[PDB]
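Residue numbers (this note's numbering), protein chains in the order written: chain A, 1 to 123; chain W, 124 to 246; chain S, 247 to 361; chain D, 362 to 476; chain V, 477 to 591; chain Y, 592 to 709; chain F, 710 to 827; chain X, 828 to 945.
Quick reminder that beta carbons are idealized off the backbone N, C-alpha and C, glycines included.
Here is the structure we will look at.
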């Protein structure tokens, strides 16, 4: 575990499609991975940034700290616009001891991404 | 002890943005990861078979074996007819000891990706 | 076993093929070529949706998807499985699902559907 | 043997029956009815155009023809032979051949074909 | 006497060739290319009306026919003989007559002859 | 004899009957090209419906006179290949692409005729 | 230090003067791709009008910077090739297809803007 | 050997990489004014984005061809002046009136193609 466990810290990507930049969080759910938003908000304004998905549709589960995940969803209203939260699993939404826009699936988020910035899918 | 090596293979996501398919790879293009293509192909027939975007813009660099990565571009003609290849690097294309569709970036890739599925993004 | 399962509509003859894992079943090449001029039909879908796997017989399979083109319209291998694309040590048109290859079939031969 | 000669197109899902006219092969009742709910098919063809003749089968082949009408809709027999219709004590829409049973099947579900 | 030919009609230059069966006259592609770049060269003709035949190597003549595409624009061999092609031991465009070899050359500059 | 050439409406519906000899094909090879040179045409429709056996040099000669009349400026087609002669082309590795095959002499006419003006 | 790049509305340009060695080109081959990373592009236009002789290894380099710049996304136009470079020296082991050659730099743009970018 | 000057459609796009001394400046001065009479032209776009330091013995040579070309019969534009070199131009003090410079070679050709020969 010399350089494998630190190269895999550089695996919280941010692919850059059409103007809403979307993310793909597969598996890094522990508290030690604080950088899933720190390597988002830094590189948010780096390119031209508008409303950003998260797309955590295959992830189980956040343990007891959504402070790093869903409290900071109010903090990308600052640099960028109002982020979504695409496709929570059924075991994930059960964890509610304690708003934000969400979407059932990944393609429907892009259906209302362009409704925000006034675009459609024609032809 | 060695739980780092598990969940190192399964970080090649296949999110479906507007239903062609999307993908993204980081810098791990070694020959031991044959799942860079055989885990994108088992899902390719599962969801809709229209054009794939690999988007390997951060991958520096492949070592000496692109015949597992550029033989599949002539092999997702099977079960998907199609394929592109988005944003190579300079030292990456420096490896040419020896067609398919390529594009500079994703926001110009997604334009002609919707040409094959015969749709526009306007207004 | 005389099983070939032609089931041919108006112009496009096609085929439904389960596991037939021997070169002794070469008659799916013989009966397919002989039926190609017994009716005037130019498109041939293939539909190998449930077939895994094959090792040493694409020499019958791909070449019979090559020598129809010298007698009719081109063919389309429909639904090559995920455990089949890796075994390609050596083109044509093809597709993914059976009903959408048929939708592509009329477009090459001057026909469309309406509702 | 254990075989299902059933392709999977759109809503006119059809079938093909070659010569297996023995009552032990009840899977043509099983692997059609149990596949019927797995994909939404409204109308349904048979195309038993080859096998001659039928003696102890067709009560199965007509209980299949009335376990689909109560399952979804509109089974239809396609092209019975000449010896096959000798003494049938046992309705169902039928037709003459496969290319024209489909156009009486698309027209049943209010869908059309132009050019 | 060193003379091979040239002409220069409206936009597309073209070149005549009478019978001269040898290889040592490589000037017919030298004097072609040193003048094709002078004026604004577009598609050009060869017109082997009287040429019977080049003996063993028109590879020098037919690979330079590729190399006009990299210089300015494509080329066309107008009216080969029935014996000049008579054995082919080894693409480009061609036409049988000069009167329609010129006609589908003005289409390559998108021009048509109205009355 | 044996090989007629008809010259119908800037098209050559040349047929091929039950002939076998490669020497007859060499006798045939000059007859097709010297016709289309002396009589200017634009598309040749060969027809090999009768032949069921071929030598290896026949596939070379019929592999020639398709590429021969292509170089003379004619979009030559091949109409009505039998199954058994199409069986023995999967072993002899000829590469009949760009030859524009057809189905029969009826549909083989308008398929070439749609590729020329009309 | 002699090879400029003067990009013009997502369409680059390349001037090339008289070279004498392939050690110049290896320092040059990295410079073209380093520019096409820094800016977006649709077609680079290489101009080699001022060259009358070419080293055979340099032809391997200029035949490579086509395919180094195809993968980045942009097209290429090798405009204004002289006779004496082309006639007996580009008969070597090239595979020049899909190259879209031109005649001069003014018309070389309108053989690219007619295809891509407009 | 020399400063690479190309041509575009009815315009000239001269680009400067670097210099040596006044001897290269008079050699470039003899290059441009001869070429603009060696062919026909109406607009020169001088690119000096790659220069960060210019001596007073050189700025008059770029003060010459910015005004000797107007009398020659073509309007000129010197796009992309660096901020380091732009200080010592007017710290010397020479007005570039009638020049109408721009920021980059794309936007430099916007005004010149608009103004003369719309």
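Cα separation between residue i and residue j?
i                      : j                      : result
residue 802 of chain F : residue 538 of chain V : 16 angstroms
residue 507 of chain V : residue 886 of chain X : 48 angstroms
residue 6 of chain A   : residue 161 of chain W : 26 angstroms
residue 326 of chain S : residue 157 of chain W : 20 angstroms
residue 696 of chain Y : residue 414 of chain D : 39 angstroms
residue 111 of chain A : residue 26 of chain A  : 22 angstroms
residue 809 of chain F : residue 786 of chain F : 5 angstroms
residue 390 of chain D : residue 383 of chain D : 12 angstroms
residue 254 of chain S : residue 377 of chain D : 10 angstroms
residue 890 of chain X : residue 915 of chain X : 13 angstroms
residue 860 of chain X : residue 929 of chain X : 22 angstroms
residue 353 of chain S : residue 195 of chain W : 27 angstroms
residue 704 of chain Y : residue 605 of chain Y : 15 angstroms
residue 165 of chain W : residue 231 of chain W : 27 angstroms
residue 461 of chain D : residue 47 of chain A  : 60 angstroms
residue 200 of chain W : residue 167 of chain W : 11 angstroms
residue 248 of chain S : residue 351 of chain S : 28 angstroms
residue 474 of chain D : residue 357 of chain S : 9 angstroms
residue 252 of chain S : residue 121 of chain A : 41 angstroms
residue 721 of chain F : residue 753 of chain F : 5 angstroms
Check the DSSP bridge columns for residue i and list the partner residues they point to.
i                      : result
residue 339 of chain S : S:322
residue 832 of chain X : X:841
residue 784 of chain F : F:752
residue 259 of chain S : S:290
residue 692 of chain Y : Y:669
residue 209 of chain W : W:226
residue 50 of chain A  : A:20
Is the separation between the beta-carbon of residue i and that of residue j shorter than 9 angstroms?
i                      : j                      : result
residue 297 of chain S : residue 266 of chain S : yes
residue 906 of chain X : residue 874 of chain X : yes
residue 589 of chain Y : residue 633 of chain Y : Here chain Y has residues from 592 to 709 only, and residue 589 of chain Y is not among them.
residue 231 of chain S : residue 315 of chain S : With chain S covering 247 to 361 only, the question about residue 231 of chain S has no answer from this structure.
residue 777 of chain F : residue 219 of chain W : yes
residue 731 of chain F : residue 766 of chain F : yes
residue 598 of chain Y : residue 630 of chain Y : yes
residue 333 of chain S : residue 287 of chain S : no
residue 909 of chain X : residue 878 of chain X : yes
residue 206 of chain W : residue 175 of chain W : yes
residue 331 of chain S : residue 198 of chain W : yes
residue 114 of chain A : residue 17 of chain A  : no
How far does the beta strand (DSSP E) with residue i in it extend, from its first residue to its last?
i                      : result
residue 754 of chain F : 752 to 756
residue 244 of chain W : 243 to 245
If you follow the alpha helix (DSSP H) that residue i is in, where does it begin and where does it stop?
i                      : result
residue 389 of chain D : 388 to 397
residue 702 of chain Y : 698 to 704
residue 24 of chain A  : Run containing residue 24 of chain A: none; DSSP gives neither H nor E here.
residue 107 of chain A : 106 to 116
residue 44 of chain A  : 35 to 44
residue 858 of chain X : 849 to 865
residue 201 of chain W : Residue 201 of chain W -> no alpha helix (DSSP H), and no H or E assigned at all.
residue 313 of chain S : Counting along the chain, residue 313 of chain S falls outside any alpha helix (DSSP H), and DSSP gives it neither H nor E.
residue 675 of chain Y : 674 to 678
residue 766 of chain F : 765 to 771
residue 462 of chain D : 459 to 462
residue 183 of chain W : Run containing residue 183 of chain W: none; DSSP gives neither H nor E here.
residue 5 of chain A   : 4 to 7
Cβ of residue i less than 9 angstroms from any chain E Cβ?
i                      : result
residue 357 of chain S : Any reference to chain E falls outside this structure, whose protein chains are A, W, S, D, V, Y, F and X.
Stretch-stretch touch, CB-based, cutoff 8 angstroms, three pairs: the region 432 to 443 of chain D with the region 387 to 407 of chain D
Counting Cβ pairs under 8 angstroms, three or more are found: they touch.
Are there three or more Cβ pairs, one per stretch, closer than 8 angstroms when the region 167 to 184 of chain W is compared with the region 207 to 216 of chain W?
Yes, since at least three Cβ pairs between the region 167 to 184 of chain W and the region 207 to 216 of chain W fall closer than 8 angstroms, the two stretches touch.
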